Amino acid sequence: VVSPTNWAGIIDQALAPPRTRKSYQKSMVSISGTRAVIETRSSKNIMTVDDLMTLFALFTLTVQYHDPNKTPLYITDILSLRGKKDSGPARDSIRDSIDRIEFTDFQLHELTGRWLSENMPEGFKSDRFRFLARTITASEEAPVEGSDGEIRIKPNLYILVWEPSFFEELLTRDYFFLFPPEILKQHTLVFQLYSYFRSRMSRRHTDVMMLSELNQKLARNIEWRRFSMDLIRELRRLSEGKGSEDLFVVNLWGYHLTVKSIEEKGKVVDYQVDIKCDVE
Amino acid sequence: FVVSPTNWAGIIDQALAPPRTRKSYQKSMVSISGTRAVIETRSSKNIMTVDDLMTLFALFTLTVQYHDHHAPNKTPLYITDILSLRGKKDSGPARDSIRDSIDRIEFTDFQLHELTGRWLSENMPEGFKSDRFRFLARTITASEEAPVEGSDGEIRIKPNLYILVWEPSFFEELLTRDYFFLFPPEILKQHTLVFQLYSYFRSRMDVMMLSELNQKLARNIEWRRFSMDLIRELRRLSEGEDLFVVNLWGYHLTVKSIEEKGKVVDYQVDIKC
């Protein structure tokens, strides 16, 4: 459905903003040069961008186990792979993340579409999919009704049936989905930044971008003064004193970034991001 | 998998909304083996209603048909094959009604919560099992005219071809225990209450009372109407008030009324074969 290089492009615009409770969201996107709208629905709340890291933790544990579309996953393994203090509220936060993933539906409508598809020579293609086709869950205490009257459960083991097409891709194109276990422990914007590079920096040794374009390729819907302000703060604390306000370096797990601020009439209007790929 | 062929009328039929109803949630009690279980039904839009059972089983036969004229979990379905198998004259409003049925099936999610027990793989000393599932894992759909933004501001589409990815476990079960899910092409054209009766028989299969069939089929409608409706739909399928037979496509029924103080208080149903 979703190609692995298109992931940061299309799927990330289909998720809700962080800490946001939505049941629906519509977004315009581009692949194949073609206009397409993607819809995200849930009977509960849709996946937010903060769930990408629990989702990619599930990816890692799936491929590891199978080294048969049934996969058992212990919530303590998710908490450690995500660098979470085994707690009560922390178990519950992972559970809410996996829940939002389970019940989120994505529907991709091609718009300048027009293909030979069958009898229809100029068709309109839509693809509705879900990451998990079925979840079996073992809890330690009894199902309880919540405040709203619907059942609440607290799993500690999960049995995952991934969507068939994605499941064989998750094992075939295995490289596009297995991330360093520490990248799964970062803030959302660093995770989003690293993921864009795994696509962009294929068949490239070095390359230079502007943070304004990283604002476009990563988070079109967030204004500059907070995309830049946010991504710099997280990039600076991953820099460990290696630089000043106007220059710092950071080793984004193989991608070596050099972040130079750009100044016009004394104020900071952009940032140069120089990338150098330590082939590992 | 979860809903076996013996459990179908028990678990799935109670989990759907009543007809003519638009719901986003519904909770229901079921019995697997005498152990308590709750089933939850959710949709972002409306949940599958019992009137959708026939469209769902129309999808079942066409799925099994395709792969016997040819296991690969990708299946194409033309809306006209569905429209005819359900005996609907190809129309506009009729092709849109099938589209809505398939829509409710797509987005309806089922969650089965076991309530007592049960037994232990290990560090779960009295575990509690829940199963969340959806009939279709993925749908690819081809329309002839363009997506429009609708009344709600969200996209409306008018498909004529559907490519179905069934849930993996159910897809092999739809081919393993294949005999159950394959129905007579005329059963898919009847009223809901008749279809529910025929489906119950393939699970139960004998002598039954219409009073208990009222519980096994539609616990939520009181006898006064369940019998009046079902005894009418059954009589329109026969030739010949207190005694009649009807050949429910393989199950031949003999329906004897029970009379007490001049009025009819129940019905005995003999069933062969």
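Computed from the coordinates by the stated procedures, all read-outs in this text should not be read as laboratory data. Neighbour counts run over all protein chains shown; Cβ positions are idealised from the backbone, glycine included.
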**Q.** Within segment A:149-175, tally of residues that are closer than 29 Å to A:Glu110 by Cα, of a type in the set (A, V, I, L, M) and either in contact with a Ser or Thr (Cβ under 7 Å, 6 or more places away or on another chain) or at the interface with another protein chain (Cβ under 8 Å from one of its Cβ atoms) (or both)
**A.** 2
Q: Kindly provide the set of residues from segment A:89-146 that are closer than 30 Å to A:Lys70 by Cα and of a type in the set (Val, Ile, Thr), ordered by number.
A: A:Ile94, A:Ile98, A:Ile101, A:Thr104, A:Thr135, A:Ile136, A:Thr137, A:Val144
Q: Consider only pairs whose beta carbons are under 8 Å apart and that are at least six residues apart or on different chains; among these, list those whose first residue lies in segment A:143-162 and is of a type in the set (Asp, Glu) and whose second residue is assigned to a loop (DSSP other than H, G, I, E, B).
A: none
Q.
With closer than 30 Å to A:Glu118 by Cβ, at the interface with chain A (Cβ under 8 Å from one of its Cβ atoms) and touching a helix residue (DSSP H, G or I) at 6+ places or on another chain (Cβ under 8 Å) as the only criterion, which of B:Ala142, B:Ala137, B:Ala146 stands out?
A. B:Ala137
**Q.** Search result, residues across segment A:131-173 that are surrounded by 13 or more Cβ atoms within 10 Å (Cβ to Cβ) and in a helix (DSSP H, G or I)
**A.** A:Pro164, A:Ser165, A:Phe166, A:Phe167, A:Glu169, A:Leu170, A:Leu171
Q. Within the group B:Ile82, B:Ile105, which residue is outside any loop (DSSP other than H, G, I, E, B), within 14 Å of chain A (Cβ to nearest Cβ) and under 23 Å from B:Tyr198 (Cα atoms)?
A. B:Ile105
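Every residue, every condition in (1) more than 14 Å from chain B (Cβ to nearest Cβ); (2) farther than 22 Å from B:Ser44 by Cα; (3) part of a loop (DSSP other than H, G, I, E, B); (4) under 15 Å from the mean Cα position of the chain (by Cα), yes or no:
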position: A:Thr5; (1), (2), (3), (4): yes, yes, yes, yes
position: A:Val29; (1), (2), (3), (4): no, yes, no, no
position: A:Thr40; (1), (2), (3), (4): no, no, no, yes
position: A:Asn45; (1), (2), (3), (4): no, no, yes, no
position: A:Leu52; (1), (2), (3), (4): yes, no, no, yes
position: A:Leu58; (1), (2), (3), (4): yes, yes, no, yes
position: A:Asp77; (1), (2), (3), (4): no, yes, no, no
position: A:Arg91; (1), (2), (3), (4): yes, yes, no, no
Q.
What pairs come out if I take residues in segment A:88-109 that are on the phi > 0 side of the Ramachandran plot and pair them with residues that are surrounded by fewer than 16 Cβ atoms within 10 Å (Cβ to Cβ) whose C-beta lies under 8 Å away, six or more apart or interchain?
A. none
Q. Looking at this structure, is B:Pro125 surrounded by fewer than 21 Cβ atoms within 10 Å (Cβ to Cβ), within 11 Å of chain A (Cβ to nearest Cβ), outside any strand (DSSP E or B) and not hydrophobic (A, V, I, L, M, F, W, C)?
A. yes
Q: Can you tell me which residue within segment A:238-280, out of those that are acidic (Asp, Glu) and surrounded by fewer than 17 Cβ atoms within 10 Å (Cβ to Cβ), is nearest to A:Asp207 (Cα to Cα)?
A: A:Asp274
Q) Just for helices (runs of 4 or more DSSP H) wholly inside segment B:177-262: which have at least 2 residues that are within 22 Å of the chain's Cα centre (by Cα) and more than 26 Å from B:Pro19 (Cα to Cα)? A) B:178-181
Q) Regarding A:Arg114, is this residue at positive phi and at the interface with chain B (Cβ under 10 Å from one of its Cβ atoms)? A) yes
Q: Consider B:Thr61 carefully, then state whether it is among the polar types (S, T, N, Q) and surrounded by 16 or more Cβ atoms within 10 Å (Cβ to Cβ).
A: yes
(Q) If I ask for residues that are more than 23 Å from the chain's Cα centre (by Cα) and either within 25 Å of B:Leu16 (Cα to Cα) or among the charged types (D, E, K, R) (or both), which ones from segment B:142-172 would you list? (A) B:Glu144, B:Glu145, B:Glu149, B:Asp152, B:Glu154, B:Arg156, B:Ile157, B:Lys158
Q | Odd one out for A:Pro18, checked against (1) buried (at least 16 other Cβ atoms within 10 Å of the Cβ); (2) touching a helix residue (DSSP H, G or I) at 6+ places or on another chain (Cβ under 6 Å) | A | (1)
